[PDB]
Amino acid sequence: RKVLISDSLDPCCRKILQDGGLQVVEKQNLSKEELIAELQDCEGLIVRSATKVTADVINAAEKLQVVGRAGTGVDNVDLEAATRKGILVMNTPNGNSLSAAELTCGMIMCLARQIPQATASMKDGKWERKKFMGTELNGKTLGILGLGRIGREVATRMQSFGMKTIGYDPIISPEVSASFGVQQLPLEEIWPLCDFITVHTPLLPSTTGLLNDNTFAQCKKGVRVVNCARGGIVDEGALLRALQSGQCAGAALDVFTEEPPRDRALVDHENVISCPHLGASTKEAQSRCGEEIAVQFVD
C-alpha cells in the first residue's frame, strides 16, 4: 500500500505506482538508520544498485513485502534473507538490454581506433597520428560469449560493420543463433579465431574467469576484449598479464570484481578503456526500467 524509492529512478516510476493506487516516498541516498526508519510504514522498496538490501535491512523492515530492482540481477539484494521472510524480489530483465548492447558496441569501436586515448592525447596538447594507427573492423571476427538479450543485439549491430560474429551459449542452439547470424562453435575453437571477444553472461561458477591465463594463451596475439557484463567473467589478473605481455592488445571494462575498483592496475593501463558501470546509464534505459518495476508492483 506504501512504497519507498531509495535510489535514482526516472520520474515515471513514482507516477505509475500512484495510478495503481499506491502512496510513494522517494528519498535518495539514505543512511542505514534513515532508511530502515523510512521503511517502517512501507510494504515496498525500489532500488537500483546504490541502496544495499542486506539481511539486516530486510529483517528490520517488518512490513516489507516486496523489493524491486530497476535493472538486471539481484546483486544489491539479499535473495536468501528475502525468501526467509516471504518477501518477493522483482527486477527488470529487459529494460536496459539495448543500452548495454549499445555501450558494448561503442567499446569495440573505441578499442579498434583508440578513441579514448586519442582524445586524452589531444587534451594533453599532443598531435600523435602514428601512435594511434588502428584497426578496420570490416572482415574481423567478433566472438560473443552469451547469446541472450544483449549478446544477440550486439551481434546484429557489429554484423553491419562486416564483422564475422561467432560465439557460444550452453542453452542457445546452433540453429537459433544462426537465425541472428551468430555461428556457434565449441569454446576451444573460438579463442584462436577471434580478433575481438565480448562477454554477455551472468556471473556463475562456469563464467567466473571464463577468460583466464589459459584461454588468453589460446587467443590470437593481439586479441581485444570487452566486458560490459559482470566483473570477474574476465579474470582480472589474467587480463593484466595478457596486456603486459601483449597477448591482449587492449581491453574495455564497464564492470569490475570490486566497484569502485581498489586495484588500479587495469584501469591505469594505457591499453585499457573503462567506464564506471554505465551499461544501463541512459535516460531511456532508466525510463524503461522505472516503468517495468512499477508495473510489477501495481499487480
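If you superpose the two forms and keep the largest set of C-alpha atoms that fall within 1.5 Å, you have the rigid core. Start at 1 and count along the sequence shown; that's the residue number.
J.: Which is farther from the shown form in 8 other deposited structures of this protein in C-alpha RMS with the core fitted, 99-107 or 170-178?
T.: Stretch with the higher C-alpha RMS distance in 8 other deposited structures of this protein: 170-178.
J.: Hey, after superposing on the core, which one moves around more in 8 other deposited structures of this protein, 127-135 or 191-199, CA-wise?
T.: Taking the RMS over all superposed structures in 8 other deposited structures of this protein, 127-135 lies farther out.
J.: Comparing average C-alpha B factors as deposited, tell me which of 106-114 and 67-75 sits higher.
T.: Averaged over C-alpha atoms, the B-factors run higher in 67-75.
J.: I need to verify one thing: averaged over C-alpha atoms only, is the B-factor higher for 267-275 or for 33-41?
T.: Comparing averages over the C-alpha atoms only gives 33-41.
J.: At the C-alpha atoms, which of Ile87, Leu193, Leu147, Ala229 reaches the highest B-factor in this entry?
T.: It is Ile87.
J.: Determine, from the deposited record, the chain-internal third of the Cα B-factor for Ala50: lowest, middle or highest.
T.: Answer is highest: the recorded C-alpha B-factor places it there.
J.: Could you look up the Cα B-factor of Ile58 in the entry and say which third of the chain it sits in: lowest, middle or highest?
T.: For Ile58, the deposited C-alpha B-factor lands in the highest third.
J.: Split into thirds by Cα B-factor across the chain's modelled residues, where does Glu26 land: lowest, middle or highest?
T.: Answer is highest: the recorded C-alpha B-factor places it there.
J.: In terms of the chain's CA B-factor thirds, is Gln286 lowest, middle or highest?
T.: Middle third, going by the recorded CA B-factors of the chain.
J.: Please rank the C-alpha B-factors of the chain's modelled residues and tell me whether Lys131 sits in the lowest, middle or highest third.
T.: Its C-alpha B-factor belongs to the highest third of this chain's values.
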